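A.B. asks: Supplied in structure tokens, the structure appears directly below.
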Amino acid sequence: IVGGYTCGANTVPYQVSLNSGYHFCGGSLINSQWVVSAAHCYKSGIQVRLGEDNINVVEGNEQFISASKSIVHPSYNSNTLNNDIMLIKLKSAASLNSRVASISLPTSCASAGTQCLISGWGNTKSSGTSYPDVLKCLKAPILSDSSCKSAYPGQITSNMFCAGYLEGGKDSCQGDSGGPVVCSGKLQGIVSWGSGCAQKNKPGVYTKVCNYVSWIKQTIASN
Ligand SMILES: [Ca+2]
């Protein structure tokens, strides 16, 4: 997260770190057994780390649980990043409490101008490179579809939205990938892609979670 703030320990209780020897992506806990992340975060051997603040120090609220199964969206295209969403099932159910909690799925899509909270352990410099140990946060609005498409001609599908600041300086970044965009208590976005980070006229692009709720629910129901 570039241009954000220190969230505070366990103030984003649905935020997970995906670990394969090291943090490599964020994710969001959506029930005791399932995490939503980006398909471009797929790899084998994932340990889901819940309850984290400093990802380099055991502070007392962590739950480390290996993934049993990952399911990349059937239609994910890694060249365009269309349908950049994946589900991860935990080998055992997380213990839910105020510091480890699921985030609700949307019942409705969010509109341009909606304020959201974006969070993660990604780079805090554009590029520029500095990786934080504690969780970082950014409040940012959803941008209009037309400004999103104008920023990234030919690249924005119906499964993506832009959020952030066209002036630059405030964005998600590498290592935030897969993490949440939460708006009014609902998971509306997944950190997906962008041109660099925090660059003028290149806002963050996010997977549009409301399009996927039916797939998420039916996948959980049968797995
Ligand atoms: Ca920790």
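Quick note on naming: the chains in the structure tokens go A, B, ... in the order shown, residues restart at 1 in each chain, and ligands are numbered from 1 in order of appearance.
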Dump as a Markdown table the rows for residues of chain A within 10 Å of ligand 1: closest atom pair and distance in Å with one decimal, only C-alpha atoms and all ligand atoms counted, ordered by chain and rising residue number.
C.D. replies:
| residue | atom | partner | partner_atom_place_in_ligand_line | distance |
| --- | --- | --- | --- | --- |
| A:9 | CA | ligand 1 | 1 (Ca) | 9.6 |
| A:17 | CA | ligand 1 | 1 (Ca) | 9.9 |
| A:49 | CA | ligand 1 | 1 (Ca) | 8.5 |
| A:50 | CA | ligand 1 | 1 (Ca) | 8.9 |
| A:51 | CA | ligand 1 | 1 (Ca) | 7.5 |
| A:52 | CA | ligand 1 | 1 (Ca) | 4.7 |
| A:53 | CA | ligand 1 | 1 (Ca) | 5.4 |
| A:54 | CA | ligand 1 | 1 (Ca) | 4.4 |
| A:55 | CA | ligand 1 | 1 (Ca) | 4.2 |
| A:56 | CA | ligand 1 | 1 (Ca) | 5.7 |
| A:57 | CA | ligand 1 | 1 (Ca) | 4.4 |
| A:58 | CA | ligand 1 | 1 (Ca) | 4.1 |
| A:59 | CA | ligand 1 | 1 (Ca) | 5.1 |
| A:60 | CA | ligand 1 | 1 (Ca) | 7.3 |
| A:61 | CA | ligand 1 | 1 (Ca) | 7.6 |
| A:62 | CA | ligand 1 | 1 (Ca) | 6.2 |
| A:63 | CA | ligand 1 | 1 (Ca) | 9.3 |
| A:64 | CA | ligand 1 | 1 (Ca) | 9.9 |
| A:133 | CA | ligand 1 | 1 (Ca) | 8.7 |
| A:134 | CA | ligand 1 | 1 (Ca) | 8.5 |
A.B. asks: With N, CA and C atoms kept, could you save the residues just selected as a PDB file, in the first residue's frame?
C.D. replies:
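The new file out-v8.pdb reads:
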ATOM      1  N   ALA A   9      -3.125  -3.104  14.853  1.00  0.00           N
ATOM      2  CA  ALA A   9      -3.137  -4.561  14.940  1.00  0.00           C
ATOM      3  C   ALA A   9      -4.541  -5.113  15.065  1.00  0.00           C
ATOM      4  N   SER A  17      -2.821 -13.277   5.301  1.00  0.00           N
ATOM      5  CA  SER A  17      -1.584 -13.354   4.524  1.00  0.00           C
ATOM      6  C   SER A  17      -1.446 -14.761   4.023  1.00  0.00           C
ATOM      7  N   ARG A  49      -2.388 -17.441   6.863  1.00  0.00           N
ATOM      8  CA  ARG A  49      -2.025 -16.857   8.166  1.00  0.00           C
ATOM      9  C   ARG A  49      -3.079 -15.808   8.505  1.00  0.00           C
ATOM     10  N   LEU A  50      -3.869 -16.127   9.502  1.00  0.00           N
ATOM     11  CA  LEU A  50      -4.948 -15.309  10.042  1.00  0.00           C
ATOM     12  C   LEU A  50      -4.465 -14.584  11.301  1.00  0.00           C
ATOM     13  N   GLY A  51      -5.109 -13.499  11.651  1.00  0.00           N
ATOM     14  CA  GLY A  51      -4.791 -12.844  12.910  1.00  0.00           C
ATOM     15  C   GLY A  51      -3.446 -12.131  12.903  1.00  0.00           C
ATOM     16  N   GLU A  52      -2.907 -11.835  11.733  1.00  0.00           N
ATOM     17  CA  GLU A  52      -1.610 -11.223  11.635  1.00  0.00           C
ATOM     18  C   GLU A  52      -1.666  -9.696  11.740  1.00  0.00           C
ATOM     19  N   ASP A  53      -0.650  -9.148  12.378  1.00  0.00           N
ATOM     20  CA  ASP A  53      -0.294  -7.750  12.196  1.00  0.00           C
ATOM     21  C   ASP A  53       1.143  -7.741  11.674  1.00  0.00           C
ATOM     22  N   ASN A  54       2.147  -7.827  12.539  1.00  0.00           N
ATOM     23  CA  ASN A  54       3.525  -7.946  12.070  1.00  0.00           C
ATOM     24  C   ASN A  54       3.745  -9.351  11.522  1.00  0.00           C
ATOM     25  N   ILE A  55       3.966  -9.483  10.220  1.00  0.00           N
ATOM     26  CA  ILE A  55       4.120 -10.798   9.615  1.00  0.00           C
ATOM     27  C   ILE A  55       5.452 -11.446   9.889  1.00  0.00           C
ATOM     28  N   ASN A  56       6.390 -10.735  10.549  1.00  0.00           N
ATOM     29  CA  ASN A  56       7.700 -11.256  10.895  1.00  0.00           C
ATOM     30  C   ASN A  56       7.865 -11.551  12.385  1.00  0.00           C
ATOM     31  N   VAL A  57       6.810 -11.340  13.205  1.00  0.00           N
ATOM     32  CA  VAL A  57       6.882 -11.529  14.647  1.00  0.00           C
ATOM     33  C   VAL A  57       5.653 -12.268  15.085  1.00  0.00           C
ATOM     34  N   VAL A  58       5.790 -13.276  15.925  1.00  0.00           N
ATOM     35  CA  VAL A  58       4.602 -13.949  16.492  1.00  0.00           C
ATOM     36  C   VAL A  58       4.156 -13.103  17.667  1.00  0.00           C
ATOM     37  N   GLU A  59       2.980 -12.486  17.515  1.00  0.00           N
ATOM     38  CA  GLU A  59       2.490 -11.501  18.487  1.00  0.00           C
ATOM     39  C   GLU A  59       1.371 -12.010  19.365  1.00  0.00           C
ATOM     40  N   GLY A  60       0.755 -13.124  19.022  1.00  0.00           N
ATOM     41  CA  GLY A  60      -0.187 -13.747  19.940  1.00  0.00           C
ATOM     42  C   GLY A  60      -1.580 -14.010  19.445  1.00  0.00           C
ATOM     43  N   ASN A  61      -1.959 -13.489  18.272  1.00  0.00           N
ATOM     44  CA  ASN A  61      -3.300 -13.702  17.773  1.00  0.00           C
ATOM     45  C   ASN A  61      -3.346 -14.477  16.482  1.00  0.00           C
ATOM     46  N   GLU A  62      -2.221 -15.001  16.038  1.00  0.00           N
ATOM     47  CA  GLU A  62      -2.157 -15.716  14.763  1.00  0.00           C
ATOM     48  C   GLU A  62      -2.855 -17.067  14.821  1.00  0.00           C
ATOM     49  N   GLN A  63      -3.391 -17.444  13.660  1.00  0.00           N
ATOM     50  CA  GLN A  63      -3.750 -18.834  13.360  1.00  0.00           C
ATOM     51  C   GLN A  63      -3.124 -19.171  12.016  1.00  0.00           C
ATOM     52  N   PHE A  64      -2.283 -20.179  11.982  1.00  0.00           N
ATOM     53  CA  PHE A  64      -1.632 -20.638  10.773  1.00  0.00           C
ATOM     54  C   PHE A  64      -2.339 -21.955  10.381  1.00  0.00           C
ATOM     55  N   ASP A 133       6.284  -4.517   7.666  1.00  0.00           N
ATOM     56  CA  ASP A 133       5.993  -5.701   8.498  1.00  0.00           C
ATOM     57  C   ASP A 133       4.567  -5.659   9.014  1.00  0.00           C
ATOM     58  N   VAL A 134       4.027  -4.505   9.339  1.00  0.00           N
ATOM     59  CA  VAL A 134       2.659  -4.405   9.856  1.00  0.00           C
ATOM     60  C   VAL A 134       1.681  -4.065   8.733  1.00  0.00           C
TER      61      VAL A 134
END
A.B. asks: Could you pull out the strand (DSSP E) residues of stretch 25-223 of chain A, going by DSSP on the backbone, and write them as a PyMOL selection string?
C.D. replies: chain A and resi 25-31+34-37+47-50+63-72+86-90+115-120+136-141+160-163+180-183+186-193+204-208
A.B. asks: Which residues, written as an MDAnalysis selection string, have at least one atom at most 9 Å from residue A:96, with only C-alpha atoms counted and residues fewer than 6 positions away on the same chain left out?
C.D. replies: chainID A and resid 31:32 102
A.B. asks: With distances taken over only C-alpha atoms, which residue among A:205, A:110, A:141, A:217 lies nearest residue A:186?
C.D. replies: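 Counting only C-alpha atoms, the residue closest to residue A:186 is A:110.
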A.B. asks: Quick one: of A:95, A:20, A:111, A:222, who's nearest to residue A:66, counting only C-alpha atoms?
C.D. replies: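 Closest candidate: A:20.
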A.B. asks: Please provide as number ranges by chain all residues within 6 Å of residue A:27, with the sequence filter that same-chain residues fewer than 5 positions apart are discarded (counting only C-alpha atoms).
C.D. replies: A: 16, 36-37, 178-179
A.B. asks: Can you write just those residues out, N, CA and C atoms, as a JSON list (two decimals), in the first residue's frame?
C.D. replies:
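That gives us result_22.json:
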[["chain", "number", "residue", "atom", "x", "y", "z"],
["A", 16, "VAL", "N", -6.09, -11.79, 5.50],
["A", 16, "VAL", "CA", -5.17, -12.91, 5.64],
["A", 16, "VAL", "C", -3.89, -12.62, 4.87],
["A", 36, "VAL", "N", -11.03, -15.94, 0.03],
["A", 36, "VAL", "CA", -11.04, -15.43, -1.34],
["A", 36, "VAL", "C", -9.77, -14.65, -1.59],
["A", 37, "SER", "N", -9.13, -14.92, -2.71],
["A", 37, "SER", "CA", -7.95, -14.21, -3.14],
["A", 37, "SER", "C", -7.99, -14.01, -4.65],
["A", 178, "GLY", "N", -4.49, -9.93, -4.20],
["A", 178, "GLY", "CA", -5.36, -10.91, -3.58],
["A", 178, "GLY", "C", -6.13, -10.40, -2.37],
["A", 179, "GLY", "N", -5.72, -9.26, -1.82],
["A", 179, "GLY", "CA", -6.35, -8.73, -0.65],
["A", 179, "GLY", "C", -7.62, -7.98, -0.89]]
A.B. asks: Can you pull out the residues contacting stretch 166-176 of chain A? Cut-off 7 Å, using only C-alpha atoms, and skip same-chain residues under 4 positions away; I want them as a tab-separated table (two decimals) with N, CA, C and O atoms, in the first residue's frame.
C.D. replies:
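Dumped everything to around-v4.tsv:
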chain	number	residue	atom	x	y	z
A	1	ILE	N	0.87	-1.19	0.00
A	1	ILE	CA	0.00	0.00	0.00
A	1	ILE	C	0.90	1.23	0.00
A	1	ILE	O	1.73	1.36	0.92
A	2	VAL	N	0.75	2.08	-0.98
A	2	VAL	CA	1.48	3.33	-1.11
A	2	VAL	C	0.60	4.46	-0.65
A	2	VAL	O	-0.55	4.58	-1.10
A	3	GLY	N	1.09	5.32	0.22
A	3	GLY	CA	0.32	6.51	0.58
A	3	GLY	C	-0.78	6.27	1.57
A	3	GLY	O	-1.66	7.08	1.72
A	4	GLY	N	-0.77	5.14	2.26
A	4	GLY	CA	-1.73	4.76	3.26
A	4	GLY	C	-1.25	5.03	4.68
A	4	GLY	O	-0.44	5.88	4.93
A	24	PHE	N	3.30	-13.73	0.31
A	24	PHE	CA	3.30	-13.42	-1.11
A	24	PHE	C	2.03	-12.80	-1.62
A	24	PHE	O	2.01	-12.32	-2.75
A	25	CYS	N	0.92	-12.81	-0.89
A	25	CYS	CA	-0.33	-12.28	-1.36
A	25	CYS	C	-1.25	-12.12	-0.16
A	25	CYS	O	-1.05	-12.76	0.88
A	26	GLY	N	-2.24	-11.24	-0.30
A	26	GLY	CA	-3.29	-11.15	0.66
A	26	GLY	C	-4.48	-12.06	0.27
A	26	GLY	O	-4.49	-12.72	-0.78
A	120	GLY	N	-3.14	-4.34	3.06
A	120	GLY	CA	-2.17	-5.35	2.73
A	120	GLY	C	-0.77	-5.04	3.22
A	120	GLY	O	-0.50	-3.97	3.79
A	121	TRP	N	0.11	-5.98	2.95
A	121	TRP	CA	1.52	-5.97	3.30
A	121	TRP	C	2.41	-5.74	2.08
A	121	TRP	O	3.61	-6.03	2.10
A	122	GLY	N	1.85	-5.18	1.02
A	122	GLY	CA	2.62	-4.87	-0.16
A	122	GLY	C	3.55	-3.67	-0.03
A	122	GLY	O	3.59	-3.00	1.00
A	123	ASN	N	4.30	-3.45	-1.09
A	123	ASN	CA	5.27	-2.36	-1.16
A	123	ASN	C	4.61	-1.05	-0.81
A	123	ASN	O	3.47	-0.78	-1.22
A	191	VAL	N	-7.61	-7.02	-4.77
A	191	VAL	CA	-6.45	-6.36	-5.39
A	191	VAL	C	-5.97	-7.22	-6.57
A	191	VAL	O	-5.55	-8.37	-6.39
A	197	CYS	N	2.62	1.42	-9.39
A	197	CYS	CA	1.78	1.71	-8.24
A	197	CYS	C	1.75	3.20	-7.98
A	197	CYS	O	2.79	3.87	-8.02
A	198	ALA	N	0.56	3.71	-7.70
A	198	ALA	CA	0.39	5.11	-7.30
A	198	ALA	C	0.81	6.10	-8.38
A	198	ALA	O	1.14	7.25	-8.08
A	199	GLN	N	0.74	5.67	-9.65
A	199	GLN	CA	1.11	6.55	-10.74
A	199	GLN	C	-0.07	7.39	-11.19
A	199	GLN	O	-1.21	6.93	-11.17
A	200	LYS	N	0.23	8.61	-11.62
A	200	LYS	CA	-0.80	9.49	-12.13
A	200	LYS	C	-1.58	8.83	-13.25
A	200	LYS	O	-0.95	8.23	-14.13
A	201	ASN	N	-2.88	8.93	-13.17
A	201	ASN	CA	-3.78	8.43	-14.21
A	201	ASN	C	-3.72	6.92	-14.40
A	201	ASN	O	-4.22	6.44	-15.39
A	202	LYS	N	-3.23	6.19	-13.40
A	202	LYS	CA	-3.16	4.75	-13.44
A	202	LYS	C	-3.62	4.20	-12.12
A	202	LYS	O	-2.84	3.75	-11.28
A	203	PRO	N	-4.92	4.23	-11.90
A	203	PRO	CA	-5.45	3.78	-10.60
A	203	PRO	C	-5.35	2.28	-10.49
A	203	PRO	O	-5.12	1.52	-11.43
A	204	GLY	N	-5.62	1.78	-9.28
A	204	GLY	CA	-5.66	0.36	-9.07
A	204	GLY	C	-6.87	-0.27	-9.75
A	204	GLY	O	-7.96	0.34	-9.78
A.B. asks: Please provide as a count of residues only all residues within 10 Å of residue A:162, with the sequence filter that same-chain residues fewer than 4 positions apart are discarded (counting only C-alpha atoms).
C.D. replies: 25
A.B. asks: Have a look at A:90, A:85, A:163, A:41 and name the one nearest to residue A:29; count only C-alpha atoms.
C.D. replies: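 So, comparing all the options, the nearest one is A:90.
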